[PDB]
Every structure is written in structure tokens, then in C-alpha cells.
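**Student:** Just so you know, the protein sequences line up as chains g and c, in that order. Residue numbers for the first sequence, in the entry's author numbering: 2 to 269. Residue numbers for the second sequence, in the entry's author numbering: 58 to 114. All C-beta atoms in this analysis are idealised placements derived from N, C-alpha and C, irrespective of residue type, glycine included. Could you have a look at this structure, given as C-alpha cells, before my questions?
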Amino acid sequence: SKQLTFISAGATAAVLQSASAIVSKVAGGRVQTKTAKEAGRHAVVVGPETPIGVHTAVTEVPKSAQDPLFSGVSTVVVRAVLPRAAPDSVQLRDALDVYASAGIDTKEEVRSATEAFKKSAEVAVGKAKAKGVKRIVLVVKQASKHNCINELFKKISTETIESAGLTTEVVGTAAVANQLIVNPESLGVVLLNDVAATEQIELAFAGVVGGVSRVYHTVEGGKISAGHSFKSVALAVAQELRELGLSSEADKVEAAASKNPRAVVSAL
Amino acid sequence: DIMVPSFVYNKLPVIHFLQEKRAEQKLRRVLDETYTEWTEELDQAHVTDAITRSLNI
């Protein structure tokens, strides 16, 4: 009756097959599992690549799945995601910086980027207010190529955050990544500008913590789960089932993920 | 038969000269309005740069 939408973005067939087996064995057939390329709700996206239709890329450190090494840490990493076009078409993150060099008009693209950053900034400040932190950390790659997209990102993110009344501290990519992996307790909320390096940093943090499920906020309004490994996908499915209103099944999947990461399907 | 013909004959040279000058002026104006328009086309280096970015390099 109900439907779970599986999105594949750069994920090996093994992970997708594992996710399908897990949901089928745990759900028992009550909720069907359909595959697609875009969704707004009841969706799990498998693979490092960012799907189409997501504007925010928040990720946290769930208490249940905390690795013993990272016990007690509490930091929220939100990556701003610009609208994604077709693979052949030039992405906005690159168009916004190359068209300016070429002299082409960049009004509509700036407007779209501004809207995405405002939404991401609103999500970040809401998380910061909920956690109680006073200052957030902006992350912008300091490469000369990305001298326009980051500039707009800073100009808008700081504007929105200052309007909300919180402080912002700008930093690069290498220093923040090292701090987040080594000393993450000194960062409460970190926003990341839309770059490939930032995406890798988000994945590394999501994996080093012990394997977690990232939350994507879409344009339509909602939250969709995202995973890239067996454990992360299993946690993403468990959260998705919990959202549908299944508690015991979600707990079983979470326990199986904690015990046997790579073979949860057989473990449960 | 006599007077108007004579005065027309007297007019002819000046009018011919003025009309020749007028035609020369027209030709000169035609020539003066000609300019070579050098068009500018998007440099292919930017195209190459965008191709590289699409590769995720």
C-alpha cells in the first residue's frame, strides 16, 4: 500500500540490492519499495552523488549510533545544495563562476543561488537556535576559481545569520576538515558552501563518526534520508520506517546495523 | 524661337557641372558610410574550462 522511493546516485548495485533486501525482509511486504530519480517524501537516496531536488544537506551525530571514539560529540554539519540540472547541462555551482568570466549575464542564476543559500541559512540558524549555540562556522573553499560562488555564499549567509542575531566565522576547507575529524567538540554548527570538496568532507564526517544517515531537505518541503554504505543505508532505512510509523522495525534495523554493519540483512 | 533658346543654351554648362558635382557627392557619401564590422565571438578557452569543470576535475 504505502511506498518507499529509492533514489540511486552513484551507488554500486550491491548497496541498492542490500537496501531492497533489508526493507523487504523487515517490512514484510506491507509497504512497497519503488525506484525513481526524484522524490519529496518517504525517500531514501543511496550513493555519494547528490540527487535532484534537494536544497539542504544537513547531518548530525545520532546518540544511539555514536562510535566509542566519538562518544559525546554534538556538531551539526549542514551543506548548502544548489538546484541540480541534468548531468549534461552545466551545473549552477560552475555556471555562476564561469559565465561571469565569459561575460554572460548571470542574473537568473544569481537569483536561484540566492534563494538556495537563504533556505540553507534558515535551516542552519534554526539548528543553531535549537542547540543554543551563538556562533556558526561558514566553510568556503579558498581556491581562486571559486572566487564568485563563495563570495555570494558569504554575502548571503552572513546577512541572514546576522539578521537572525547569531555570529558567523568564515574558514576554509582543509583547516575545518582537520578540526572536524580531530577536535569536533569545538564546533557546534558548521555550514558548507556548495563545492565538491565540501561534499567529500560531509561524507567523511558522516562515515568517521561510525556511519550515519544524512537528511536532505527538498524544495517541495520535507526530509529524505541518504546513505552511502551498508550501515549508513541501513540507518537511513530505519529512520524512514520510523517516519512511516514503524517503531519496532526501526529499532531492529538500528540494532542490526550497530552489530553487523556490512551484513545487516543476514544479521536481522 | 530666339531668346528662350539662347538663355537655355547659356544655362546648360553650369547645370551640367553642378549635376556632375552632385553625383560625385553621392558617390563620396556612399563610400564614406562603409565600415568593416569586426565581430567578437566567445573565446573557446572558457568552453574548455567549463568542460573541465563538468568532469569534476
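1. Considering only the alpha carbon of each residue, which of g:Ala28, g:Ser19 and g:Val78 lies closest to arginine 243 (chain g)?
2. What does the Cβ neighbour count give for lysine 108 (chain g), buried or exposed, with the cut at 16 atoms within 10 Å?
3. Kindly list, in the order they appear in chain C, the residues whose Cβ is closer than 7 angstroms to that of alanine 103 (chain g).
4. Can you check the segment 119-178 of chain g for any beta strand (DSSP E) of at least 3 residues that lies completely inside it and give the ranges in chain order?
5. Below 8 angstroms between beta carbons is the criterion; list the residues of the segment 185-216 of chain g that meet it against any residue of chain c, in chain order.
6. Just to confirm my understanding: we take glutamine 92 (chain g), look at its own chain, exclude 5 residues before and 5 after, and list those with CB closer than 8 angstroms. What are they?
7. May I ask you to verify whether the segment 57-68 of chain g touches the segment 202-222 of chain g, counting CB pairs closer than 8 angstroms and requiring at least 3?
8. Could you tell me the distance, in whole angstroms, from the CA atom of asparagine 151 (chain g) to the CA atom of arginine 31 (chain g)?
9. Should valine 99 (chain g) be flagged as near chain c, meaning a C-beta pair shorter than 8 angstroms?
10. Provide the residue(s) that pair with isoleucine 225 (chain g) in DSSP beta bridges, ordered along the chain.
11. Considering only C-alpha positions, which residue in the set g:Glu186, g:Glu255, g:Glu221 and g:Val190 is nearest to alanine 44 (chain g)?
12. Compare the beta carbon distance of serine 145 (chain g) and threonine 57 (chain g) with 8 angstroms and say whether it is the shorter of the two.
13. Could you pull the DSSP bridge partners for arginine 80 (chain g) from this structure?
14. Under DSSP, the beta strand (DSSP E) around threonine 36 (chain g) begins and ends at which residues?
15. With a 10 Å radius around its C-beta and 16 neighbouring C-beta atoms as the bar for buried, classify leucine 188 (chain g) as buried or exposed.
16. Using 8 angstroms as the Cβ pair cut-off and three pairs as the minimum, do the segment 222-238 of chain g and the segment 13-21 of chain g touch?
17. Given a cut-off of 8 angstroms on the beta-carbon distance, is the pair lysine 142 (chain g) and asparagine 179 (chain g) in contact?
18. Taking the alpha-carbon positions, what's the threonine 174 (chain g) to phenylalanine 206 (chain g) distance?
19. For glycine 11 (chain g) and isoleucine 162 (chain g), what's the separation of their Cα atoms in angstroms?
20. Relative to chain c, which residues along the segment 86-97 of chain g have a C-beta separation below 7 angstroms, given in chain order?
21. May I have the straight-line CA-CA distance separating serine 249 (chain g) from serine 259 (chain g), to the nearest angstrom?
22. Could you give the C-beta distance for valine 190 (chain g) and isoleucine 157 (chain g), rounded to a whole number, given that I count them as a contact under 8 angstroms?
23. How far does the alpha helix (DSSP H) with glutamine 101 (chain c) in it reach, from first residue to last?
24. Are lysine 135 (chain g) and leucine 167 (chain g) closer than 8 angstroms when you measure CB to CB?
**Tutor:** Reading off the structure:
1. Nearest in C-alpha terms to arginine 243 (chain g), of all of g:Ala28, g:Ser19 and g:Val78, is g:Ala28.
2. By the neighbour-count criterion, in which 16 or more other beta carbons inside 10 Å mark a residue as buried, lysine 108 (chain g) falls on the exposed side.
3. The chain labelled as chain C is not found among the protein chains of the depicted structure, namely g and c.
4. The segment 119-178 of chain g contains these whole beta strand (DSSP E) runs: 136-140 and 168-172.
5. Going along the segment 185-216 of chain g in chain order, one finds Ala197 with a Cβ nearer than 8 angstroms to chain c.
6. By the criterion of a C-beta distance shorter than 8 angstroms, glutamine 92 (chain g) is surrounded in its chain by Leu83, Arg85 and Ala86, once the five residues flanking it on both sides are discounted.
7. Yes, the segment 57-68 of chain g is in contact with the segment 202-222 of chain g.
8. Taking the Cα positions, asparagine 151 (chain g) is about 46 angstroms away from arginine 31 (chain g).
9. Judged by the 8 angstroms Cβ criterion, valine 99 (chain g) is in contact with chain c.
10. As computed with DSSP, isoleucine 225 (chain g) is found in a beta bridge with g:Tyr217.
11. Of the listed residues, the one whose Cα sits closest to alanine 44 (chain g) is g:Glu221.
12. The Cβ-Cβ distance between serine 145 (chain g) and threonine 57 (chain g) does not fall below 8 angstroms.
13. The partner list for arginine 80 (chain g) (beta bridge, DSSP) reads g:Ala58 and g:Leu193.
14. Its beta strand (DSSP E) spans residues 32-37.
15. Result: buried.
16. A contact is defined here as three or more CB-CB pairs under 8 angstroms, and the segment 222-238 of chain g meets this definition with respect to the segment 13-21 of chain g.
17. Contact: no.
18. Approximately 13 angstroms, taken between the alpha carbons.
19. Distance between the alpha carbons of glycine 11 (chain g) and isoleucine 162 (chain g) is about 34 angstroms.
20. Those residues of the segment 86-97 of chain g that come within reach of chain c (Cβ to Cβ, closer than 7 angstroms) are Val91 and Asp95.
21. Going by the C-alpha atoms only, they are around 15 angstroms apart.
22. Not confirmed; about 17 angstroms, so no contact.
23. Segment 101-111, the alpha helix (DSSP H) holding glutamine 101 (chain c).
24. In this structure, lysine 135 (chain g) places its C-beta atom within 8 angstroms of the C-beta atom of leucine 167 (chain g).
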